[PDB]
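# Chain and residue survey
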Amino acid sequence: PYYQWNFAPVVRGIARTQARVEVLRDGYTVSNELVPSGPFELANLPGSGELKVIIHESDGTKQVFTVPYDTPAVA
Amino acid sequence: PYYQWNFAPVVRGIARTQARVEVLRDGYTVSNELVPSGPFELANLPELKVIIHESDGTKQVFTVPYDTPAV
Ligand SMILES: [Cl-]
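We count residues from 1 along each chain, following the written sequence rather than the entry's numbering, and we skip any residue without coordinates. Throughout, the order in which chains and ligands are written sets their labels, letters from A for the former and numbers from 1 for the latter. The side-chain quantities take in all heavy atoms of the structure and omit both hydrogens and water. Residues with missing side-chain atoms are left out of burial classes, side-chain pairs and their counts.

As stated in the entry header, the method of structure determination is X-ray crystallography and the reported resolution is 2.85 Å.

As named in the PDB entry, chain B is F1 capsule-anchoring protein, taken from Yersinia pestis. Here the PDB entry's recorded title is "Crystal Structure Analysis of the Middle Domain of the Caf1A Usher".

Labelled according to the PDB entry, chain A appears under the name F1 capsule-anchoring protein, originating from Yersinia pestis.

### What about the interface of chain A and chain B?
Rule in force here: Contact criterion: two residues are considered in contact whenever any of their non-hydrogen atoms come within 4.5 Å of each other. Using a 1.4 Å probe, buried area is obtained as the accessible area two parts lose upon being combined, added over both of them. Salt-bridge detection follows one rule: a side-chain nitrogen of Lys or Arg within 4 Å of a carboxyl oxygen of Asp or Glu.
With 24 residues of chain A at the interface, the matching set in chain B holds 23 residues. In total, about 2300 Å² of surface goes out of reach between chain A and chain B, with carbon and sulfur atoms giving 64% of it. Of all residues in chain A, the largest losses of buried area upon contact with chain B belong to A:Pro1, A:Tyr3 and A:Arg12, amounting jointly to 32% of the total for that side. Across the chain A-chain B interface, the total number found is zero salt bridges.

### Examining the nonpolar core
Which entries qualify depends on this criterion: Residues enter a nonpolar core if they are buried and are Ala, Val, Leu, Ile, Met, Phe, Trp, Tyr or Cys, with the set joined through side-chain atoms within 4.5 Å. Classification of residues uses two cut-offs on accessible area relative to the type maximum, computed with a 1.4 Å probe and protein chains only: under 20% is buried, over 50% is exposed, and between them is partly exposed. Helix and strand labels come from DSSP, where a helix needs a run of H or I of at least four residues and a strand needs a run of E of at least two; each type is numbered from the N terminus.
A:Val21, A:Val23, A:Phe40, A:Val53 and A:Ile55 are the most contacted members of the largest nonpolar core, which totals 15 residues. Elements with a minimum of two residues in this core: strand 2 (7-15), strand 3 (19-24), strand 5 (38-42), strand 6 (49-56) and strand 7 (62-69) of chain A. Those residues in contact with A:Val23 that lie beyond four places of it in its chain are A:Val11, A:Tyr28, A:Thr29, A:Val30, A:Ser31, A:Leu42, A:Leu45, A:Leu51, A:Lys52 and A:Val53. In this structure, B:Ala19, B:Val35, B:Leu48 and B:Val64 belong to the second largest nonpolar core, which totals 13 residues.

Structure, rendered in structure tokens:
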């Protein structure tokens, strides 16, 4: 049994109210997590390209962002 | 919002039967869970002491060294 160095990808941000954070790829919804207000960290996600992150807030407001992603080469 | 890569190390090993694996980080119990026979990974953990109790009642204690890269 051994200790292994792994690197997991996450997307971090801030939610205004307590919200639903949706992660889209190419139109396809991949993540969907309800979070408390403030900072959030989204584990479990799908190379390189772009994600779309919508923060559906309690009052019906949608904070929409484009999140560029990339997988780094490791020796 | 931004994409980022977190250092997320794991303790890997092979359990012969449906086992219980306990991981100690210097005295404190850090992980204790039941695993099926075959390979196992232990994620999201707060030298390590890894104890593998197996179905037949046999137990082995391993000293697994751990390190964190400097950034
Ligand atoms: Cl929508």
